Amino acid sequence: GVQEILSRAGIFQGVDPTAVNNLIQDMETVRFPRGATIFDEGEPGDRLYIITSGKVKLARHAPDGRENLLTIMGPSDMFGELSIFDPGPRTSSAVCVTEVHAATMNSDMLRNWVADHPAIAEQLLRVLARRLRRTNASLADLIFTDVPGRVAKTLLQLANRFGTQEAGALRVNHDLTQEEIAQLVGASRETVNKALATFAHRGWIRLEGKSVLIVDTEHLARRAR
């Protein structure tokens, strides 16, 4: 239910359960339709969001119109915190990939919570560190891996985040377009298409809409690195 999903967000881990239930209760429930923009990169804001259902992509923009997708968040994930702790523009656009349900609060509310519960501040440090940890790997990936290996990685990352076991395989209803997968990878639409085709062609994965079955993890794993 909504309170169990919210209770799993990093920001509440090990924190007093009671304080958690009460804090959840002062959060606002919102719902966005698919494709809605929650905020744009460069906007100022200090609202924070914790998703309870659906997927939100976080997009950054190059002067020439193009975009890379930093990541795709889903239920229990948090975004919006960064502008609070380092005041400044949104470091990306948050856009609903599906219909999205989230809990949200302003930064006054968050600050008061932290003042009542220092453990929150500690969990927030773990959250930003873990994000530096992941993003550093993405950067390494751009420096050291070829496009096909990067595509492979991206897919295994989607599988770990959103994958279901389905008749021996990983069902990954990622809901992304072809171009968006590419933006997630940080490479051209053609190369990324090429690699994807290759991987289907070998039987490693199976395309089927904005969804992928991943049937030999290890082969795809071998190909990344």
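All residue numbers refer to positions in the sequence shown, first residue = 1.
Q: Name the higher of the two by mean Cα B-factor in the PDB entry, 103-111 versus 132-140.
A: The stretch with the larger mean CA B-factor is 132-140.
**Q.** Residue range whose averaged C-alpha B-factor is higher in the record, 167-175 or 32-40
**A.** Per the PDB record, 167-175.
Q. Mind checking which third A59 falls in for C-alpha B-factor across the chain?
A. Lowest third, going by the recorded CA B-factors of the chain.
(Q) Going by the CA temperature factor in the PDB record, which third of the chain does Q183 belong to: lowest, middle or highest? (A) For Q183, whose C-alpha B-factor we compare with every modelled residue in the chain, the answer is the middle third.
Q) Among the modelled residues of its chain, does the C-alpha B-factor of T191 lie in the lowest, middle or highest third? A) According to the entry, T191 has a C-alpha B-factor in the chain's highest third.
Q | For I51, the third of its chain into which the C-alpha B factor falls | A | For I51, the deposited C-alpha B-factor lands in the lowest third.
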